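Undergrad: Once you've had a glance at the structure underneath, I'll fire off some questions.
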Amino acid sequence: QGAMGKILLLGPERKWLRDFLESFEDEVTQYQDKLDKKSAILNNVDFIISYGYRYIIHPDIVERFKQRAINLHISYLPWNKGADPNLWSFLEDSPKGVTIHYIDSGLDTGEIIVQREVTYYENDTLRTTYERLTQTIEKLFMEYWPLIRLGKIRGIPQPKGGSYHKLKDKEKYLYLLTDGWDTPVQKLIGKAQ
Ligand SMILES: Nc1nc2c(c(=O)[nH]1)N[C@H](CN(C=O)c1ccc(C(=O)N[C@@H](CCC(=O)O)C(=O)O)cc1)CN2
């Protein structure tokens, strides 16, 4: 390792993250749409970072980039795989936090690289807890990227257990979110048992 590389960032454009990665002398490209395994976007790519990427990455891409593709997920895996992890962490009163993991063929099931718990406070809202998770996982990424960049954390099998949600699962609970993002979380804790 140590050779200048090419990093593909999947998800929304984040100039701060592009700049951070380029300060290590790597070249960066960004993409937010679906990827066929033949896409030229993948040519000559050394490492993939997905952060808010909206699509399932095809298994042939996963295999081609074994141990070279990571995802930033704002849950404490194995809890709250999938959608709306912050909300579900309150509805199901689960552990809360953020996780950097290797991408495998399933959704948010790959090997864990590092995680961090994130606590909440009596008067937090979904907005304030979401923002804290976002800041925490961006911090955790930058804290550990100098090591990850050089293959120094091989990851561990994702513990068996936890939970998984699809985007539609929250519909029967939306009536609790009377103030949208500014709903106090206290109103939500345990409401899905
Ligand atoms: N193979 C793979 N692709 C990955 C991830 C992963 O761990 N493995 N992490 C991210 C997972 N992700 C976002 O970061 C993401 C994007 C879209 C959907 C999706 O398509 N959801 C629908 C149906 C899903 C299903 O049927 O299983 C839904 O919620 O209803 C799910 C998760 C991005 N792509």
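In the structure tokens, chains take letters A, B, ... by order of appearance, with residues numbered from 1 within each chain and ligands from 1 in the order shown.
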Using only C-alpha atoms and all ligand atoms, find each residue with an atom at most 10 Å away from ligand 1 and format the answer as a PyMOL selection string.

TA: chain A and resi 10-11+34+49-63+69-74+81-84+100-111+164-169

Undergrad: Write out as a list in words the residues lying within 8 Å of residue 181 (chain A), counting only C-alpha atoms and excluding same-chain residues fewer than 3 positions away.

TA: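 Result of the neighbour search: residues 125, 126, 127 and 177 of chain A.
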
Undergrad: Which residue, A:153, A:6, A:40, A:13, has the smallest gap to residue 27 (chain A) when you use only C-alpha atoms?

TA: A:6

Undergrad: Would you return as a VMD selection string the members of region 4-193 of chain A that DSSP assigns to alpha helix (DSSP H) on this structure's backbone?

TA: chain A and resid 15 to 22 59 to 64 85 to 91 126 to 148

Undergrad: Run DSSP on the backbone and tell me which residues of chain A come out as strand (DSSP E); list them as a PyMOL selection string.

TA: chain A and resi 6-10+27-31+47-50+69-73+81-82+97-102+112-117+164-165

Undergrad: Of the residues A:137, A:31, A:152, A:97, which is the one nearest to residue 1 (chain A), using only C-alpha atoms?

TA: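 Smallest distance to residue 1 (chain A) is found for A:152.
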
Undergrad: For CA of residue 79 (chain A) and CA of residue 163 (chain A), quote the distance in Å rounded to one decimal.

TA: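 CA of residue 163 (chain A) lies 4.7 Å from CA of residue 79 (chain A).
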
Undergrad: Select from region 16-59 of chain A every residue with an atom at most 10 Å from any atom of region 140-145 of chain A, then for each give the shortest pair of atoms and their distance in Å to one decimal, using only C-alpha atoms, rows by chain and rising number, as CSV.

TA:
```
residue,atom,partner,partner_atom,distance
A:17,CA,A:142,CA,8.9
A:20,CA,A:142,CA,8.1
A:21,CA,A:145,CA,8.8
A:24,CA,A:145,CA,10.0
```

Undergrad: Could those selected residues go to a file with N, CA and C atoms, as a JSON list (two decimals), in the first residue's frame?

TA:
```json
[["chain", "number", "residue", "atom", "x", "y", "z"],
["A", 17, "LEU", "N", -15.73, 16.17, 2.08],
["A", 17, "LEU", "CA", -15.17, 14.82, 2.10],
["A", 17, "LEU", "C", -14.24, 14.57, 0.90],
["A", 20, "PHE", "N", -11.10, 16.30, 1.94],
["A", 20, "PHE", "CA", -10.36, 15.56, 2.96],
["A", 20, "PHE", "C", -9.60, 14.40, 2.33],
["A", 21, "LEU", "N", -10.28, 13.67, 1.46],
["A", 21, "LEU", "CA", -9.67, 12.50, 0.86],
["A", 21, "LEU", "C", -8.50, 12.93, -0.07],
["A", 24, "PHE", "N", -4.92, 13.47, 1.13],
["A", 24, "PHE", "CA", -4.00, 12.34, 1.25],
["A", 24, "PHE", "C", -3.34, 12.01, -0.10]]
```

Undergrad: Closest to residue 98 (chain A) among A:190, A:85, A:12, A:151, using only C-alpha atoms?

TA: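 For residue 98 (chain A), the nearest of the candidates is A:85.
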
Undergrad: Rounded to one decimal in Å, what is the spacing between CA of residue 182 (chain A) and CA of residue 170 (chain A)?

TA: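 Between CA of residue 182 (chain A) and CA of residue 170 (chain A) the gap works out to 16.5 Å.
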
Undergrad: Provide the CA of residue 26 (chain A) to CA of residue 65 (chain A) distance in Å, to one decimal place.

TA: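 Answer for the CA of residue 26 (chain A) to CA of residue 65 (chain A) separation: 17.5 Å.
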
Undergrad: Which residue, A:146, A:172, A:93, A:156, has the smallest gap to residue 23 (chain A) when you use only C-alpha atoms?

TA: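 Once distances to residue 23 (chain A) are computed over only C-alpha atoms, the minimum belongs to A:146.
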
Undergrad: Point out the residue among A:123, A:193, A:188, A:138 with the least atom-to-atom distance to residue 90 (chain A), counting only C-alpha atoms.

TA: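 Of A:123, A:193, A:188, A:138, the one nearest residue 90 (chain A), counting only C-alpha atoms, is A:188.
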